[PDB]
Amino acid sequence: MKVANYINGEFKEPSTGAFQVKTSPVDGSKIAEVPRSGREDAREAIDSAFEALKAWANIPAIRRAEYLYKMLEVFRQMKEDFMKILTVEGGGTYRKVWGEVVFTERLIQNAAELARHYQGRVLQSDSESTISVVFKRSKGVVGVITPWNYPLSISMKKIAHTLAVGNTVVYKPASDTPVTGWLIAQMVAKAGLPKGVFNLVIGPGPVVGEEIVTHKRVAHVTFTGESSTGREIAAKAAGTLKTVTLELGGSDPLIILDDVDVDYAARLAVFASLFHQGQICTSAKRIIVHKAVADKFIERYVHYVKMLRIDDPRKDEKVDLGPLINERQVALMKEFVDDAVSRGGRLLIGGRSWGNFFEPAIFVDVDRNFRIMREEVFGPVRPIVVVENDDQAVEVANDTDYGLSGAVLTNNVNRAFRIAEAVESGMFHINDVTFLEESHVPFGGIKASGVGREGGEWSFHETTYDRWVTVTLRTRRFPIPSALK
């Protein structure tokens, strides 16, 4: 493996020559040397994107769609490679990476499918002889900055859709997941997109990302990452007046009412709260249970969590949980655990950590002052709070700074709709996991969870703009100068 940037149709070394050694979060073994890019690399890619822009944006939608279809067929051949890399570099299990690769395939196809169909409007004019219509135009070069947790699918959801609608792209993957980025670039290359239409530069955020965010020729930034970093990017984007899409994380309520199949509720709870070691923006990070089922629920949930198998994700396809992405995550989780213990929480199970591995720590007897109720816990530490009624459930659910997703388990149509209605989130799910995601549906939060929506036409929307154009067919008198005649 020789991992490189990809700029203007060419796999290229960083101008610096710098390299970081990317190692596996699993055993710490070396994975590959990867670029450590600077501001000049970013600048090169940006200019490549700005020169490719006109040619790319002015061909008909169908041509771009043919490119995305080509991308799809290339990706299908690269599936196993993507999976291996997602497991080795990202710590994903077989099931996590299979799921992500499938979803990625779907995403690419989706952008392809929608490319020809993104429509403007024909309007009624309040004026006499006037054609009034509204066109969709692509924004420009779009910066795309992505996280390490689902680096493939998140990256591709932004890239594929942004490309489809006539934007070009410069893409900086997460520092912990460079090889995934590189592989995306291999796909785009093998698909033969025109040079400069898609550019990959692997480098540290404060350098590469900073340039992408401040550059004059960058039209838009779409960013999935930490909420603070997103506030930074948001503020710095204001200088050049570039728009932004920001997915800043969540702390999603999973609310289980008293009429549920409690065993089923526990199975669901375990999947939604702990999948990918809980590193999912839509993870069910706060579990809220009705007191009538609370004890039986807690006992069952813990029973199933106990069942989870944590191991090297390379071993076989049945491993439930691989490691956390890095040492920093384990440390942070240890902070959350320390906080909860010191605040009087019962640690029902887990907390054991070796290397980057962390066995899920479940807590009860928690209150709203716990760090794990007040912060997004991106990792395998879960509170379970007990509530007396639907109102309290809702109160606790909305008791966060986050807005992303949420879910309620119940068979009662009124309680389901009332809670759904009252929960403040960009997304809500009745009788499913908090992390439900489809390729074409608006995905995003309110509150501290972010700004904008992605997937399908919502992504098209983030990366295009309305252009109001009229044609006046008749001659008019004008109010000045009033002396006319």
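The first residue of the shown sequence is 1; numbering continues from there.
- The stretch with the higher mean CA B factor, choosing between 311 to 319 and 263 to 271, is 311 to 319.
- In this entry, 77 to 85 shows the higher mean Cα temperature factor of the pair 77 to 85 and 275 to 283.
- Of the candidates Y118, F363, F378, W354, the deposited coordinates give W354 the top C-alpha B factor.
- If you compare the C-alpha temperature factors of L163, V394, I154, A237 in the entry, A237 comes out highest.
- In the deposited entry, the Cα temperature factor of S48 sits in the top third of values across the chain's modelled residues.
- Among the modelled residues of its chain, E462 has a C-alpha B-factor that falls in the middle third, as given in the PDB entry.
- Per-chain ranking of the deposited C-alpha B factor places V21 in the highest third.
- When the modelled residues of the chain are ordered by their C-alpha B factor, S449 lands in the middle third.
- The deposited CA B-factor of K30 belongs to the highest third of values across its chain.
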